[PDB]
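Chains as they are written, first to last, in full-length UniProt numbering: chain D, 11 to 234; chain E, 11 to 236. We treat Cβ as the ideally placed atom computed from N, Cα and C, and that holds for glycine.
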């Protein structure tokens, strides 16, 4: 094929639940990860909507502090540092490398697209040892705007010299697939833990759904 | 004194925690309220960024269903109907009437602005008994764009025949005040339970801060002598 598969990185390829211990400690509750994370995404989109841009990781820390205050929990620079560490070192889901291998075998081109800013080597994907599967690693930094702003997807298409019809966005977040599908890409949804698809009228559903990355890869291959 | 005060409604004026019982029953934990809510706001901004629109209460139900599926919690049309009922019957925080009386008597003009689409009478503010304090009740619904999209604040200014410096946005959410200040308004943050200011480099802070509506009203009366 000459189909290009564009993968969200955080949570989709890399395990966000790896952050639990940091929450269980600071909050007495690991479940607070699932309050901090939507608050982080919310503020990334708020900045984009209002014409402002800070790097994703700076927002992550700010929102961590805010959530801390909301639960009346203490936070030291050491905590922020640990957040930085865990966030930039999430391990890859074990179902990932097998699935990427099969897609690479069936002819797909593989690329990443993330809200996180470029970092010095090694990147989170390099640390997880799945970086080399991909021909390119794109970020919202060149766009100065977070997903699902249309310009993130449009400039990606531009960079890869592809037509929306050649592209499929892969994510465990329906908000990320919606952003791509509104630009005419296909959407592929992978059901990570604590991630099911939102279903709302007039909102396009994923072209492909998989309960894990292997099952999604099958569907993508099956589509001949 | 000729400032127009524009009040966010859900959570700011009306108590969101009144929904707690529903989250306790469906999930076995009331704190899941604090996961569902930012998911709801997230999706509203996602729809606006992608040029889609559905009414806020519809997104609220879809996100409730999703958050249920995430916890593997069973949900019936009964639960959804109750969410709708609760979302449109939130009571006013006890500090609201005194503050609104004080602000009106200080000569401020009072307006509400909400993500929520217009409802048949009686509205949540009417039911709560505080609706009459306000000159006007505006919503994003005609614009089909949610907060904090710039057109939400700009069209509010136009509809009111007002200039940015005449307007102050009042909210317990920094994302709501950020949108307004970006458009030239002032911002007033009131610290409702489980709400504190986001402090992030290169992002404007609120002009006024109160740990409750009384203390906010103190600051607004003290300062906005214009």
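CA-CA distance, residue 29 of chain D and residue 32 of chain E? 28 Å
One or two residues paired with residue 181 of chain E in a DSSP bridge: Under DSSP, residue 181 of chain E shares a beta bridge with E:199.
Between residue 147 of chain D and residue 208 of chain E, what straight-line distance do the alpha-carbon atoms span, to the nearest angstrom? 30 Å
In terms of residues, what are the limits of the alpha helix (DSSP H) holding residue 166 of chain E? 160-169
Quick check on residue 146 of chain E: does DSSP put it in helix, strand or coil? strand
Do you know how far the Cα of residue 156 of chain E is from the Cα of residue 123 of chain D? 26 Å
Residue 310 of chain E - DSSP class collapsed to helix/strand/coil: Residue 310 of chain E cannot be examined here, being either before or after the span of chain E that is shown, 11 to 236.
Applying the 10 Å Cβ sphere with the 16-neighbour rule, what's the burial state of residue 87 of chain E? Under this definition residue 87 of chain E is an exposed residue.
Starting from residue 72 of chain E, find everything on chain D with Cβ-Cβ shorter than 9 Å and list it in chain order. 208, 209, 210, 211 and 213
Restricting to Cα atoms, I'd like to know which of E:192, E:22 and E:47 is closest to residue 104 of chain E. E:22
Buried versus exposed, by CB contacts within 10 Å (16 or more), residue 35 of chain E: exposed
Using a threshold of 9 Å, state whether the C-beta atoms of residue 198 of chain D and residue 228 of chain D are closer than that. Cβ atoms of residue 198 of chain D and residue 228 of chain D: not closer than 9 Å.
Whole alpha helix (DSSP H) runs in the segment 90-151 of chain D with 4 or more residues, listed along the chain? 106-115 and 134-138
I'd like to know if residue 140 of chain D contacts chain E, where contact means its C-beta is closer than 9 Å to some C-beta of that chain. No, residue 140 of chain D lies away from the interface with chain E (no Cβ there is under 9 Å from its Cβ).
Less than 9 Å separating the beta-carbons of residue 14 of chain E and residue 118 of chain E? At the C-beta level, residue 14 of chain E and residue 118 of chain E come within 9 Å of one another.
Within chain E, the residues that residue 76 of chain D reaches when beta carbons sit closer than 7 Å: 206 and 208
List the residues of chain E whose Cβ lies closer than 9 Å to the Cβ of residue 159 of chain D, in chain order. 59 and 60
Between the segment 182-191 of chain E and the segment 156-172 of chain E, can you find at least three pairs of beta-carbon atoms closer than 8 Å? yes
Whose Cβ in chain E lies nearer than 8 Å to the Cβ of residue 52 of chain D? 48, 51, 52, 55 and 185
Start and end of the beta strand (DSSP E) containing residue 218 of chain E? 218-220
Would you say residue 47 of chain D and residue 81 of chain D are within 9 Å of each other, going by their C-beta atoms? no
Going by DSSP, name the residue or residues bridged to residue 14 of chain E. E:119 and E:177
Out of D:202, D:231 and D:210, which one is the CA nearest neighbour of residue 221 of chain D? Per the Cα distances, D:202.
Closest Cβ-Cβ distance between residue 80 of chain D and chain E: below 9 Å? So yes, residue 80 of chain D belongs to the interface.
Exposed unless 16 or more other CB atoms sit within 10 angstroms - verdict on residue 115 of chain E: exposed
Check the C-beta distance from residue 192 of chain E over to residue 61 of chain D and give it rounded, since I have them as a contact under 8 Å. Contact flag correct, Cβ pair sits at about 7 Å.
For residue 153 of chain D, name the three-state secondary structure that DSSP assigns. coil
With distances taken from CA atoms, which of D:230, D:212 and D:225 is nearest residue 65 of chain E? D:212
Residue 131 of chain E classed as buried or exposed, judged by whether at least 16 other C-beta atoms fall within 10 angstroms: exposed
Is residue 99 of chain D closer than 9 Å to residue 138 of chain D when the C-beta atoms are compared? yes
Within chain D, the residues that residue 227 of chain E reaches when beta carbons sit closer than 8 Å: Here the premise fails: no neighbours, minimum Cβ distance about 23 Å.
Specify the secondary structure class of residue 204 of chain D as computed by DSSP and reduced to three states. coil
At a Cβ cut of 7 Å, what residues of the segment 171-197 of chain E count as close to chain D, listed as they run along the chain? Of all residues in the segment 171-197 of chain E, 185, 188, 189 and 192 have a Cβ within less than 7 Å of some Cβ in chain D.
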